[PDB]
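What follows is one structure encoded as structure tokens, with my remarks underneath.
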Amino acid sequence: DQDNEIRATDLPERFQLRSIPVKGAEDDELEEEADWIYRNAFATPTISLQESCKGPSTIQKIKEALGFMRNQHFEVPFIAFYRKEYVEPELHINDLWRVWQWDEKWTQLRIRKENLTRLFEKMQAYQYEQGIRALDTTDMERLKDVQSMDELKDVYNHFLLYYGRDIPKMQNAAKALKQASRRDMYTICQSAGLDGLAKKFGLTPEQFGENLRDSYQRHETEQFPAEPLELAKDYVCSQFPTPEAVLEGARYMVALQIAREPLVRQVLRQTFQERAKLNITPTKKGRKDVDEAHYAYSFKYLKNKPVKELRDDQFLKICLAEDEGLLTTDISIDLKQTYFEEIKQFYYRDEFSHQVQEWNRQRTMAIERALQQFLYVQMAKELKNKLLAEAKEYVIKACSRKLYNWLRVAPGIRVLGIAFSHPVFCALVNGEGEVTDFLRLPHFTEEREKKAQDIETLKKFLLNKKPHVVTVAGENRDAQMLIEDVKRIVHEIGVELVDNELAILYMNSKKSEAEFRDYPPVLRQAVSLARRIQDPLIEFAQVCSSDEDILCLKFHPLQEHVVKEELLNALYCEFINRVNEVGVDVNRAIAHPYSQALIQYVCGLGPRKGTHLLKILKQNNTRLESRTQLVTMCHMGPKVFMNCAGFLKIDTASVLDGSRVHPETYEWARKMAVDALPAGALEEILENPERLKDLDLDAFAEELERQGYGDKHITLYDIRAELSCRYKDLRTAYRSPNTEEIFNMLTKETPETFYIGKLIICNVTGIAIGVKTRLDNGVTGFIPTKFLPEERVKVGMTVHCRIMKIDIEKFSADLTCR
Amino acid sequence: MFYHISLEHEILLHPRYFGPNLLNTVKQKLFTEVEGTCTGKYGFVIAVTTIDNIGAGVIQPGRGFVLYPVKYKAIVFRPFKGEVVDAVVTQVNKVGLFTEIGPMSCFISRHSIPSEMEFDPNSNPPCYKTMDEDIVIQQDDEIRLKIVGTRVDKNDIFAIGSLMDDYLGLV
Amino acid sequence: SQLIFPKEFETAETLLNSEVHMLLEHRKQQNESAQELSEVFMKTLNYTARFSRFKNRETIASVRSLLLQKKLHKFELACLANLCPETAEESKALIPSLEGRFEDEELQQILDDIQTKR
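In order, the protein sequence lines correspond to chains A, B and C.
With this note's numbering, letter number 268 in the first sequence gets 268, and the count goes up by one each step, no holes.
Every position in the second sequence, counted from 1, becomes a number in this note's numbering once 1000 is added.
Every position in the third sequence, counted from 1, becomes a number in this note's numbering once 2000 is added.
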């Protein structure tokens, strides 16, 4: 359906995927995002702790990056690999990606600022025809200078305060379904004409609002020449005949404009952004549920928690605690001398006359009602929400990094997989990605002869078809035996160890199994594993072609609480970072169903465009090794073309198309073939390590200053860096995962359970002499012979107490049991 | 809406609780087994106000349990069809609004509302909204609305709602 | 609604959202002064504490007495007290069983009494 419309229109697919279409950026607006995005994405220091793996020049760098893609429709990887000279070295691709959603954040705020100006001007057109507030140009300006969605909201509530009753008249203006009642007693007291004496207090709230950011009484409190209770007797009425009720209703009157002055919001926002202490108490249910078995123990006795003291994902765990009555938390600028003492004096008069003092007494606890009932309420949850997103984002930042490393493994090579599970399964893959063979081989273990006949099957497979690297599937001390099973076999070229949770989901996935459902299910895990060590990216694409597959993985224990839709694309985009880093070729896509899922990570392309190009490719039945055959046969648009064609790699077996050099920059690649002295010079520079030493790359920049495409010095060097090793995959070479990884892939040891003093269940292994104990994961070390004797250890059953020492290779389960 | 009806229950008491505090045990078992049940006959029982009387406890032949008929005055909420009630919205969606009227959730259709309330995408509060931003329904707002129908799922009775009358907006 | 959909709810007293609220909070101060409460109870208590347009018991008693003085149907005493329309018309403008029953000159009076007792 809609992919045909996607196929009809000619643009990069991810721009077409965005909920708001990309518009052309005039240079003022082009600049307007760049300062705003940089302030709100990189120049903002997070209140919670932040770390990962720059300067004011980025303001320009983002700005040129913005209009180069907003106006010209260039996706992030196209900039991040070909036009990075507009941004290097200030930003990385994931930061170049991080700019891109802030473009989406800017688009709403600009749209919404337009939307509110429509209301204000219409009410500006509605107010003048009719002490009510006037729609100032400052009111317009406060709408004009909006630099955050929070800043938008405060004006809107502030607008809705004095003019919420305009809405039936605005509906009448819309008529040129009617609005009923609101909630605040304001509405009755507004109709009661209390605003006259609300005007008669010490200050306008905005006049009071300026006194906040000054930290002094800039505008002095206007003492009306009466004691406050006399203005009651003017119009105590049918609403509040009590002189205290109008006087208290005045306080409810005036506190809410104090609550809804936008200038009050930012200063309360600013003060709370650093000066705020968090106090946490468990509930009555939380009396039982707070313990070291829960994660809420560290939060139990923590009083006046600084907002900066909040760790990287600490607050998310705090957020889970209020969900089921585990912990009740409160936040305050004050300590467990208040903030109000400064606030009270900033709206005050120092005259000791009871007229002024009762006016101050009217002023003092009125603004207190503003402080407690509203500002300690409404800005608190907005403070919570800002810390909610930061705590949520760190996990996704970590999980993006976790998936970043899993795509960082470098890949011709013949690989066998051993599938531990007693069904022990084994299978090979060819040098061209096809499964070669497979054999059911049930291994277990007194008597050892049933294992014995199958040991020589392994070296038979060495001499049947000679392999390079054979792999095992790390489980609870099952592949530890198997890494010793193959180690003797190879001794007659090596054996490697890798985990198989991605292989379990490869078994679990229906469509993954659907090619070879007759092939054994548990044996299908090594099919991925052998192809994983062959290449991780094609492996992840095959297992995780569907969206919730990545959800089925566990990058983090708390990965279910982050927002999925912004979680998924964050993981999904780092695929696109790596896929176009190496490239893709449509010949391996049409040949291998193994490599059929790599086409939708192409810059400018995706699933919707790439699938309809796949079927046309099968109709034409000639795949596109020729990058110009994309231009001719496929009749595909230049906006799609000049982005993606450089990222489509081509195997040379069928010469600059077999390079990471775009067709738009083959012309400068023709200038470097002359430096050898049309395909004779093309082979000579691409085969020799000696044409690059004398390659006059800076000389090509000399005419680049004349033409107007200059500063391509690294880019021309990138063409030289490409030709040194043909399609060199810059992913890190595969490394045997260390003991910490081994202990966390075999026993799947959580580093949280490395905590000393933690109850670890441990059934005794027995007398070999100290008694060794075994945990459910299978760790087995002897309890040290010093402490332990019936009442120090009960011989025959499990031991569970404070742990003492754990060994990363010897699986040491040490427990005092006393 | 919220009602005060006297109604019935049948408490099966095990012979464990046959000591000095069996009538107390019948009271606590009525509280435990009645307060919170989603009956279709009487909608939602919220709290048992008082015990009218504890009846004669017939010993069940061959089972040992004693059956007590308990009459109790209880607070009962029941969402009648064709009524106007104030809900609290908890989720926005294209297919409609998920509100929470208290003990129950509620679905409101996109075509059952007036055609001035349109979806607001890529906004940190997601909501339905008017083009002039006359009324915005973000999280935790009060919405008058007319529920049009009531159907029984026997576990949690939800009501479908609409907004085709005056004042059926934010308060 | 205007007519009855079931066949048994005529002989049952009707409560506001504040009579429910004041009775439910009595249960808690009975209970944690002496087991955990059910989730539907806590949810309904939070909902009816949110929409509690009478925060004092004597306001509830006065409103119930005056609604009985109006001599309207026993569902319609609690249908409108916990509802608070600012428009006496809103009353007829809504509940399809209250227009024509009474004339307009009492409606804004009972509405302003209700919002005064709020």
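Cβ atoms here follow ideal geometry from the backbone N, Cα and C, with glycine treated the same way.
{"Check": "Please list the partners that C:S2001 has in chain B, where partner means a Cβ-to-Cβ separation under 8 Å.", "Outcome": "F1080, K1081, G1082, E1083"}
{"Check": "Taking 7 Å as the cut-off, does the CB of A:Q337 come closer than this to any heavy atom belonging to the ligand HEM?", "Outcome": "This structure lacks the ligand HEM, and indeed carries no ligand of any kind."}
{"Check": "Compute the distance between the beta-carbons of A:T221 and A:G196, then report whether it is under 8 Å.", "Outcome": "no"}
{"Check": "Closer than 9 Å by beta-carbon distance: list the chain B residues that pair up with C:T2014, in chain order.", "Outcome": "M1001, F1002, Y1003, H1004"}
{"Check": "Would you give the residue range spanned by the alpha helix (DSSP H) that A:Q345 belongs to?", "Outcome": "339 to 346"}
{"Check": "According to DSSP, A:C426 sits in a beta bridge with which residue or residues?", "Outcome": "A:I418, A:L439"}
{"Check": "Rounding to the nearest angstrom, what Cα-Cα distance links A:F754 and A:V562 in this structure?", "Outcome": "26 Å"}
{"Check": "Below 8 Å between beta carbons: does that hold for B:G1149 and B:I1160?", "Outcome": "yes"}
{"Check": "Going by the CB atoms, is the gap between B:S1162 and B:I1113 shorter than 8 Å?", "Outcome": "yes"}
{"Check": "Name, in chain order, the residues that DSSP records as bridge partners for B:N1053.", "Outcome": "B:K1071"}
{"Check": "Using the beta-carbon of each residue, which ones in chain C are nearer than 8 Å to B:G1102?", "Outcome": "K2043, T2044, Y2047, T2048"}
{"Check": "Taking the beta carbon of A:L229 as the centre, do at least 16 other beta carbons fall within 10 Å, making it buried, or is it exposed?", "Outcome": "exposed"}
{"Check": "Does the stretch 1003 to 1015 of chain B come within contact of the stretch 2007 to 2015 of chain C, defined as at least 3 CB pairs closer than 8 Å?", "Outcome": "yes"}
{"Check": "Can you tell me whether A:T732 is buried or exposed, with buried defined as 16 or more other CB within 10 angstroms of its CB?", "Outcome": "exposed"}
{"Check": "Quick one: list the residues of chain A neighbouring residue 1212 of chain B, beta-carbon separation under 7 Å, in chain order.", "Outcome": "Residue 1212 of chain B falls outside the range modelled here, since chain B spans only 1001 to 1171, and no answer is possible."}
{"Check": "At 8 Å on the CB atoms, spell out the chain A contacts of residue 2119 of chain C, in chain order.", "Outcome": "No information on residue 2119 of chain C is available, as it lies outside the stretch 2001 to 2118 that chain C covers here."}
{"Check": "Output needed for A:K748: all residues of its chain with C-beta closer than 7 Å, excluding positions within five of it in sequence on either side, in chain order.", "Outcome": "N777"}
{"Check": "Does DSSP put A:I367 in a helix, a strand or coil?", "Outcome": "helix"}
{"Check": "By the three-class DSSP mapping on this structure, what secondary structure does A:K794 have?", "Outcome": "coil"}
{"Check": "From which residue to which residue does the alpha helix (DSSP H) around A:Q124 run?", "Outcome": "93 to 127"}
{"Check": "Any beta carbon of chain C sitting closer than 8 Å to that of B:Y1072?", "Outcome": "no"}
{"Check": "Here's the rule I'm using: 16 or more other beta-carbon atoms within 10 Å means buried, otherwise exposed. How should B:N1155 be labelled?", "Outcome": "exposed"}
{"Check": "Give me the chain C residues within the contact set of B:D1165, using Cβ-Cβ distance strictly less than 8 Å, ordered along the chain.", "Outcome": "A2093, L2094"}
{"Check": "Please list the partners that B:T1049 has in chain C, where partner means a Cβ-to-Cβ separation under 8 Å.", "Outcome": "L2023"}
{"Check": "The alpha helix (DSSP H) spanning A:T611 covers which residue range?", "Outcome": "607 to 620"}
{"Check": "Does the Cβ of A:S812 have 16 or more other Cβ atoms within 10 Å, making it buried, or fewer, making it exposed?", "Outcome": "buried"}
{"Check": "When you compare each of A:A676, A:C725, A:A669, A:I685 to A:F700 by their alpha carbons, which one comes out closest?", "Outcome": "A:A669"}
{"Check": "What residues from chain A crowd round C:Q2115, counting only those whose CB sits closer than 7 Å?", "Outcome": "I188"}
{"Check": "Tell me the DSSP secondary structure of A:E309 in three-state form.", "Outcome": "coil"}
{"Check": "Going by the beta-carbon positions, is the gap between A:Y348 and A:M253 smaller than 8 Å?", "Outcome": "no"}
{"Check": "Quick one: what does DSSP say A:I489 is sitting in, helix, strand or coil?", "Outcome": "helix"}
{"Check": "Name the residues in the stretch 2065 to 2080 of chain C whose C-beta lies less than 8 Å from a C-beta of chain A; which are they?", "Outcome": "none"}
{"Check": "Report yes or no: do three or more beta-carbon pairs, one from the stretch 34 to 46 of chain A and one from the stretch 58 to 68 of chain A, lie closer than 8 Å?", "Outcome": "yes"}
{"Check": "Using the C-alpha atoms, what's the distance from C:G2100 back to C:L2068?", "Outcome": "19 Å"}
{"Check": "If contacts are defined as beta-carbon pairs under 8 Å, then A:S181 and B:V1171 qualify, I think. What distance do you get, rounded to the angstrom?", "Outcome": "6 Å"}
{"Check": "With 8 Å set as the bound, which would you pick, yes or no: does the beta-carbon of A:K284 sit closer than that to a beta-carbon of chain C?", "Outcome": "yes"}
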